[PDB]
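**Student:** Following this message is one structure expressed as structure tokens.
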Amino acid sequence: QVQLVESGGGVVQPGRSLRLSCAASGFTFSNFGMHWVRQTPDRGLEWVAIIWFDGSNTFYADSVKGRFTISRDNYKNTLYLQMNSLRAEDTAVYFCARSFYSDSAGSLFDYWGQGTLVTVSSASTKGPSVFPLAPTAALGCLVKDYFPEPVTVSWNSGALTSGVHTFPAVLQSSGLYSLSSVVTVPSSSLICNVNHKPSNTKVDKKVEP
Amino acid sequence: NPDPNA
Amino acid sequence: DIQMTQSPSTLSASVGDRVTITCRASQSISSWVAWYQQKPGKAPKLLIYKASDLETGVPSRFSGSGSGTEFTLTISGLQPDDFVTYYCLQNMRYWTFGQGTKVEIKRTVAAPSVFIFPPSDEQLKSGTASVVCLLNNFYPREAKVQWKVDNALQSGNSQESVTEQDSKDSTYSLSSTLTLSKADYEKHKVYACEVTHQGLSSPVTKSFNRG
């Protein structure tokens with residue numbers, strides 16, 4: 001089947017550069033135009049660039065003209081996106097998208113990649129500080145001051161699943177994320193597993209009243 | 001939007 | 001450019017309902033409108049193209065109509081797997097998406113279970129103080145939280161987030177974090193969290209004397 005796999009995402013300092021790749025397989029890459037499309041939590045789906053099958057034509061969204069460049073390798077079957085002068089507005093998930101054209105449908109998208117996150121920030125990678133939220137009875141953990149996302153929280157090593165709420169993180173004024181994870185117990189009280197991939201941090205904290 | 005394929 | 005706006009932003013219905021999402025263009029685009037569906041964490045999926053043409057393999061309950069500036073997507077008989085987000089796209093000159101419409105499961109009103117958490121001591125010796133207020137399993141999603149320190153409102157010093165609608169309760173949960181310095185924290189004593197929700201006949205407050 002068709003497969004598009006993005007790679008190259010990561011944290012970029014404002015004004016610096018970054019390149020994204022997209023490995024295509026399961027079809028003839030050289031016959032289809034390719035797109036890049038990005039998505040922001042609060043701005044929606046924004047089309048970035050399109051390249052022809054033979055790379056002859058190429059068009060960009062106005063917000064990236066002069067900074068971005070879409071290329072293509074019709075031998076290694078890979079789509080590329082060179083991103084210069086990155087701004088904060090560029091922080092989003094960047095999707096690879098194969099073009100679909102018919103005489104009735106026009107140019108569209110059909111097969112997408114899994115997406116890859118690009119974070120334009122001035123922060124350094126840092127491990128999270130795990131503080132306990134001590135107690136029809138509520139308890140939890142506080143995952144504070146980590147960068148970049150994501151963190152992974154589990155309770156009792158994936159056993160205590162019922163009644164758990166791991167909340168979406170928030171970006172604080174320092175530029176570091178913070179996150180809450182709560183769980184309800186039957187008041188007959190008798191450990192959160194925070195794992196931060198970038199900082200290689202694994203913290204396990206016990207919550208007693 | 002023209003046809004970007006072959 | 002051409003702008004795309006969908007109405008409403010959030011749709012509330014039950015399984016089996018017939019719902020309609022409306023998409024309006026800033027200029028006439030004839031029938032160059034497609035409809036995509038995005039599930040959480042996954043990529044968009046094509047459902048309708050050319051305003052009213054159903055993409056291969058898409059169930060027949062999905063249906064689209066429209067020409068010129070206004071366009072409608074209709075789901076006759078909502079299925080459980082359909083309570084996600086739906087975008088409209090124009091493909092006349094380049095490509096512009098709408099803002100998206102979340103289809104949400106309608107449920108009976110449920111008041112939140114409010115909990116307040118004092119700052120951890122390991123955090124207090126570090127310099128900062130975080131006070132978490134938990135609003136557990138409520139419906140609808142609209143809620144108001146206000147922080148009170150010695151009966152004094154707190155503006156610009158708290159952040160909150162809400163979980164996804166629960167696949168087993170169709171409820172929501174909120175957590176607000178009030179962030180104060182250790183000097184400002186040990187200056188006062190009564191830290192309270194006031195919650196206003198439709199299920200509450202009166203605002204609820206969970207306090208904790210500093211100790």
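Going through the structure tokens in order, the chains are called A, B, and so on, while each chain numbers its residues from 1 and the ligands are numbered from 1 in the order shown.
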Just the residues within 12 Å of residue 200 of chain C, please, counting only C-alpha atoms, with nothing from its chain fewer than 5 positions along; format it as number ranges by chain.
**Tutor:** C: 109-114, 138-140, 143-144, 194-195, 205
**Student:** With N, CA and C atoms kept, could you save the residues just selected as an mmCIF file, in the first residue's frame?
**Tutor:**
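Once everything was written out, this is again.cif:
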```cif
data_model
loop_
_atom_site.group_PDB
_atom_site.id
_atom_site.type_symbol
_atom_site.label_atom_id
_atom_site.label_comp_id
_atom_site.auth_asym_id
_atom_site.auth_seq_id
_atom_site.Cartn_x
_atom_site.Cartn_y
_atom_site.Cartn_z
ATOM 1 N N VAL C 109 -26.510 16.962 31.450
ATOM 2 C CA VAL C 109 -25.636 17.854 32.199
ATOM 3 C C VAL C 109 -25.044 17.109 33.385
ATOM 4 N N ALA C 110 -23.758 17.346 33.640
ATOM 5 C CA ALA C 110 -23.042 16.702 34.736
ATOM 6 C C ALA C 110 -22.154 17.736 35.407
ATOM 7 N N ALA C 111 -22.359 17.939 36.705
ATOM 8 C CA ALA C 111 -21.580 18.923 37.436
ATOM 9 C C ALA C 111 -20.168 18.398 37.694
ATOM 10 N N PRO C 112 -19.184 19.288 37.788
ATOM 11 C CA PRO C 112 -17.811 18.843 38.037
ATOM 12 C C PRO C 112 -17.573 18.484 39.496
ATOM 13 N N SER C 113 -16.602 17.596 39.703
ATOM 14 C CA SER C 113 -16.119 17.241 41.033
ATOM 15 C C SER C 113 -14.846 18.038 41.286
ATOM 16 N N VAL C 114 -14.945 19.056 42.130
ATOM 17 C CA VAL C 114 -13.885 20.045 42.287
ATOM 18 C C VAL C 114 -12.918 19.602 43.378
ATOM 19 N N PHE C 138 -17.258 16.582 33.824
ATOM 20 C CA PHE C 138 -18.428 17.439 33.731
ATOM 21 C C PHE C 138 -18.879 17.541 32.281
ATOM 22 N N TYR C 139 -20.137 17.947 32.107
ATOM 23 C CA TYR C 139 -20.703 18.211 30.798
ATOM 24 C C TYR C 139 -21.801 19.247 30.986
ATOM 25 N N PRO C 140 -21.904 20.253 30.099
ATOM 26 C CA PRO C 140 -21.075 20.495 28.909
ATOM 27 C C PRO C 140 -19.662 20.990 29.213
ATOM 28 N N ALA C 143 -16.989 25.963 31.157
ATOM 29 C CA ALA C 143 -16.788 26.084 32.593
ATOM 30 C C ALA C 143 -15.963 27.330 32.879
ATOM 31 N N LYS C 144 -16.096 27.835 34.105
ATOM 32 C CA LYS C 144 -15.391 29.031 34.553
ATOM 33 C C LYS C 144 -14.703 28.734 35.877
ATOM 34 N N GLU C 194 -12.944 28.861 42.821
ATOM 35 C CA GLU C 194 -14.373 29.011 42.574
ATOM 36 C C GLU C 194 -14.706 28.545 41.163
ATOM 37 N N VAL C 195 -15.729 27.701 41.048
ATOM 38 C CA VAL C 195 -16.103 27.067 39.790
ATOM 39 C C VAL C 195 -17.558 27.394 39.481
ATOM 40 N N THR C 205 -16.731 26.258 45.831
ATOM 41 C CA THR C 205 -15.391 26.685 46.208
ATOM 42 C C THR C 205 -14.762 25.648 47.128
#
```
**Student:** May I ask you to extract the residues of chain B within 6 Å of chain A, using only C-alpha atoms, and to give them as a list in words?
**Tutor:**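 Using only C-alpha atoms, chain B residues at most 6 Å from chain A: residues 3, 4, 5 and 6 of chain B.
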**Student:** Counting only C-alpha atoms, collect the residues of chain C whose closest atom lies at most 8 Å from chain A, and write them out as a PyMOL selection string.
**Tutor:** chain C and resi 32+42-46+49-50+91+95-100+115+117-120+122-123+159-163+173-175
**Student:** What separation in Å, quoted to one decimal, exists between atom CA of residue 203 of chain A and atom CA of residue 125 of chain C?
**Tutor:**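 Result for atom CA of residue 203 of chain A versus atom CA of residue 125 of chain C: 19.0 Å, one decimal.
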**Student:** Neighbours of residue 77 of chain C within 8 Å (only C-alpha atoms; same-chain residues fewer than 5 positions away dropped), as number ranges by chain?
**Tutor:** C: 15-18, 61
**Student:** At a cut-off of 8 Å, can you tabulate as CSV every residue of chain C near chain B together with its closest atom pair and the distance in Å to one decimal, using only C-alpha atoms and ordering rows by chain then number?
**Tutor:**
```
residue,atom,partner,partner_atom,distance
C:91,CA,B:1,CA,6.8
C:92,CA,B:1,CA,6.1
C:93,CA,B:1,CA,5.9
C:94,CA,B:1,CA,6.2
```
**Student:** Set the distance at 7 Å and use only C-alpha atoms: which residues neighbour residue 27 of chain C once local chain neighbours fewer than 2 positions away are removed? I'd like the list as a PyMOL selection string.
**Tutor:** chain C and resi 2+25+29+69
**Student:** Could you go through segment 21-97 of chain A and tell me which residues DSSP, when run on the backbone, assigns to strand (DSSP E), listing them as a PyMOL selection string?
**Tutor:** chain A and resi 21-25+34-40+44-51+58-60+68-73+78-83+92-97
**Student:** Just list as a PyMOL selection string whatever in segment 156-203 of chain C DSSP marks as helix (DSSP H, G or I).
**Tutor:** chain C and resi 182-185
**Student:** Give me, please, the distance in Å between atom CA of residue 71 of chain C and atom CA of residue 5 of chain C, quoted to one decimal.
**Tutor:**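 Atom CA of residue 71 of chain C sits 10.3 Å away from atom CA of residue 5 of chain C.
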**Student:** Might you pull out every residue within 12 Å of residue 168 of chain C, with only C-alpha atoms counted and same-chain residues fewer than 2 positions away left off, and present them as a list in words?
**Tutor:** residues 162 and 163 of chain A; 80, 105, 107, 137, 164, 165, 166, 170, 171 and 172 of chain C
**Student:** Generate the output file for the selected residues, N, CA, C and O atoms, as a CSV table (one decimal), in the first residue's frame.
**Tutor:**
```csv
chain,number,residue,atom,x,y,z
A,162,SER,N,-8.2,3.0,34.9
A,162,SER,CA,-9.5,3.5,35.1
A,162,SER,C,-9.5,4.8,35.9
A,162,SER,O,-8.7,4.9,36.9
A,163,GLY,N,-10.2,5.8,35.4
A,163,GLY,CA,-10.3,7.1,36.2
A,163,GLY,C,-9.1,7.9,36.1
A,163,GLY,O,-8.9,8.8,37.0
C,80,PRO,N,-20.9,6.2,15.9
C,80,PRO,CA,-19.9,6.5,16.9
C,80,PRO,C,-18.6,7.0,16.4
C,80,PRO,O,-18.0,7.9,17.0
C,105,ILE,N,-20.4,14.5,21.3
C,105,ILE,CA,-21.5,13.7,21.7
C,105,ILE,C,-22.3,14.5,22.8
C,105,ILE,O,-21.7,14.9,23.8
C,107,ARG,N,-24.9,14.9,25.8
C,107,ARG,CA,-25.0,14.1,27.1
C,107,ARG,C,-25.8,14.9,28.0
C,107,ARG,O,-26.0,16.2,27.9
C,137,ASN,N,-14.8,15.3,35.3
C,137,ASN,CA,-15.9,14.7,34.6
C,137,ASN,C,-17.2,15.6,34.7
C,137,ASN,O,-18.1,15.3,35.5
C,164,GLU,N,-9.8,15.6,26.2
C,164,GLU,CA,-10.8,15.2,25.2
C,164,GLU,C,-12.0,14.6,25.8
C,164,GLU,O,-12.0,14.1,26.9
C,165,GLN,N,-13.2,14.7,25.1
C,165,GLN,CA,-14.4,14.2,25.6
C,165,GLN,C,-14.2,12.7,25.8
C,165,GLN,O,-13.6,12.0,25.0
C,166,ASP,N,-14.7,12.2,27.0
C,166,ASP,CA,-14.4,10.8,27.4
C,166,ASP,C,-15.2,9.8,26.5
C,166,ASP,O,-16.4,10.0,26.2
C,170,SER,N,-18.5,10.6,28.0
C,170,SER,CA,-18.8,11.8,27.2
C,170,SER,C,-18.7,13.1,28.1
C,170,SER,O,-19.4,14.0,27.8
C,171,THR,N,-17.9,13.1,29.1
C,171,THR,CA,-17.7,14.2,30.0
C,171,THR,C,-16.3,14.8,29.7
C,171,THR,O,-15.5,14.4,28.8
C,172,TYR,N,-16.0,15.9,30.4
C,172,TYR,CA,-14.8,16.7,30.3
C,172,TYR,C,-14.2,16.9,31.6
C,172,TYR,O,-14.8,16.8,32.7
```
**Student:** Pick out the residues sitting within 10 Å of residue 123 of chain A, and hand them over as number ranges by chain; count only C-alpha atoms, and ignore anything fewer than 3 positions along from it in its own chain.
**Tutor:** A: 11-13, 119-120, 126, 146-148, 174-176
**Student:** Suppose we keep N, CA and C atoms; can you now write the selection as an mmCIF file, in the first residue's frame?
**Tutor:**
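So again.cif came out as:
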```cif
data_model
loop_
_atom_site.group_PDB
_atom_site.id
_atom_site.type_symbol
_atom_site.label_atom_id
_atom_site.label_comp_id
_atom_site.auth_asym_id
_atom_site.auth_seq_id
_atom_site.Cartn_x
_atom_site.Cartn_y
_atom_site.Cartn_z
ATOM 1 N N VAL A 11 13.484 20.798 17.248
ATOM 2 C CA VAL A 11 13.490 22.147 17.802
ATOM 3 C C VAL A 11 14.483 22.997 17.024
ATOM 4 N N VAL A 12 14.036 24.169 16.579
ATOM 5 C CA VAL A 12 14.853 25.091 15.801
ATOM 6 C C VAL A 12 14.864 26.439 16.504
ATOM 7 N N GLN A 13 16.047 27.036 16.619
ATOM 8 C CA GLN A 13 16.142 28.385 17.153
ATOM 9 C C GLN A 13 15.624 29.381 16.119
ATOM 10 N N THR A 119 9.223 22.691 16.110
ATOM 11 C CA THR A 119 9.045 23.642 17.203
ATOM 12 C C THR A 119 10.103 24.731 17.084
ATOM 13 N N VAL A 120 9.668 25.950 16.780
ATOM 14 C CA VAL A 120 10.568 27.091 16.665
ATOM 15 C C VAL A 120 10.583 27.788 18.022
ATOM 16 N N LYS A 126 15.252 20.002 28.498
ATOM 17 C CA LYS A 126 15.327 19.911 29.948
ATOM 18 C C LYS A 126 14.390 18.814 30.431
ATOM 19 N N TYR A 146 9.621 21.232 31.565
ATOM 20 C CA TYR A 146 10.289 20.340 30.628
ATOM 21 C C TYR A 146 10.179 20.904 29.220
ATOM 22 N N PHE A 147 11.156 20.544 28.385
ATOM 23 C CA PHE A 147 11.211 20.969 26.996
ATOM 24 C C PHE A 147 12.129 20.009 26.264
ATOM 25 N N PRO A 148 11.782 19.573 25.046
ATOM 26 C CA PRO A 148 10.497 19.848 24.402
ATOM 27 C C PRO A 148 9.459 18.789 24.745
ATOM 28 N N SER A 174 8.187 30.892 30.966
ATOM 29 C CA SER A 174 9.601 30.603 30.767
ATOM 30 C C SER A 174 9.880 29.910 29.441
ATOM 31 N N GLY A 175 8.845 29.503 28.713
ATOM 32 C CA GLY A 175 9.037 28.684 27.538
ATOM 33 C C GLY A 175 9.164 27.207 27.822
ATOM 34 N N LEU A 176 8.847 26.775 29.040
ATOM 35 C CA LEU A 176 8.877 25.372 29.423
ATOM 36 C C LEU A 176 7.455 24.872 29.638
#
```
**Student:** Taking only C-alpha atoms into account, which of A:84, A:68, A:73, A:39 comes nearest residue 15 of chain A?
**Tutor:**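 The answer is A:84, which sits nearest to residue 15 of chain A.
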**Student:** Can you tell me, as a ChimeraX atom specification, what residues are no more than 10 Å from residue 189 of chain C when counting only C-alpha atoms, ignoring any on the same chain fewer than 3 positions away?
**Tutor:** /C:149-150,185-186,192,207-211
**Student:** The selected residues should be written to file as a PDB file, in the first residue's frame (atoms: N, CA, C and O atoms).
**Tutor:**
```
ATOM      1  N   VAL C 149      -7.187  34.329  46.522  1.00  0.00           N
ATOM      2  CA  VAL C 149      -6.168  34.275  47.564  1.00  0.00           C
ATOM      3  C   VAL C 149      -6.554  35.298  48.625  1.00  0.00           C
ATOM      4  O   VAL C 149      -6.502  36.511  48.378  1.00  0.00           O
ATOM      5  N   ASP C 150      -6.948  34.811  49.804  1.00  0.00           N
ATOM      6  CA  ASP C 150      -7.451  35.663  50.883  1.00  0.00           C
ATOM      7  C   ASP C 150      -8.590  36.550  50.390  1.00  0.00           C
ATOM      8  O   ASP C 150      -8.645  37.748  50.678  1.00  0.00           O
ATOM      9  N   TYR C 185       3.470  33.324  48.179  1.00  0.00           N
ATOM     10  CA  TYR C 185       2.659  32.211  48.663  1.00  0.00           C
ATOM     11  C   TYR C 185       2.540  32.225  50.182  1.00  0.00           C
ATOM     12  O   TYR C 185       1.430  32.183  50.725  1.00  0.00           O
ATOM     13  N   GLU C 186       3.669  32.288  50.882  1.00  0.00           N
ATOM     14  CA  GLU C 186       3.668  32.303  52.339  1.00  0.00           C
ATOM     15  C   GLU C 186       3.257  33.652  52.917  1.00  0.00           C
ATOM     16  O   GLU C 186       3.319  33.831  54.138  1.00  0.00           O
ATOM     17  N   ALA C 192      -8.382  29.558  47.478  1.00  0.00           N
ATOM     18  CA  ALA C 192      -9.669  28.990  47.108  1.00  0.00           C
ATOM     19  C   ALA C 192      -9.809  28.939  45.593  1.00  0.00           C
ATOM     20  O   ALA C 192      -9.185  29.711  44.860  1.00  0.00           O
ATOM     21  N   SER C 207     -11.428  25.276  49.366  1.00  0.00           N
ATOM     22  CA  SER C 207     -10.355  26.069  49.950  1.00  0.00           C
ATOM     23  C   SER C 207      -9.348  25.176  50.665  1.00  0.00           C
ATOM     24  O   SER C 207      -9.569  23.980  50.875  1.00  0.00           O
ATOM     25  N   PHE C 208      -8.226  25.786  51.044  1.00  0.00           N
ATOM     26  CA  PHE C 208      -7.189  25.087  51.798  1.00  0.00           C
ATOM     27  C   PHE C 208      -6.359  26.132  52.531  1.00  0.00           C
ATOM     28  O   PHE C 208      -5.670  26.932  51.889  1.00  0.00           O
ATOM     29  N   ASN C 209      -6.431  26.129  53.861  1.00  0.00           N
ATOM     30  CA  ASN C 209      -5.602  27.024  54.658  1.00  0.00           C
ATOM     31  C   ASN C 209      -4.139  26.612  54.554  1.00  0.00           C
ATOM     32  O   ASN C 209      -3.802  25.436  54.718  1.00  0.00           O
ATOM     33  N   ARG C 210      -3.271  27.583  54.279  1.00  0.00           N
ATOM     34  CA  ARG C 210      -1.855  27.291  54.108  1.00  0.00           C
ATOM     35  C   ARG C 210      -1.272  26.707  55.390  1.00  0.00           C
ATOM     36  O   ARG C 210      -1.400  27.291  56.471  1.00  0.00           O
ATOM     37  N   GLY C 211      -0.638  25.545  55.265  1.00  0.00           N
ATOM     38  CA  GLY C 211      -0.049  24.870  56.405  1.00  0.00           C
ATOM     39  C   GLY C 211       0.854  23.718  56.010  1.00  0.00           C
ATOM     40  O   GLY C 211       0.704  22.601  56.504  1.00  0.00           O
TER      41      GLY C 211
END
```
**Student:** Pick from C:20, C:101, C:167, C:14: nearest to residue 62 of chain C, with only C-alpha atoms counted?
**Tutor:**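 Of the candidates, the smallest distance to residue 62 of chain C is held by C:20.
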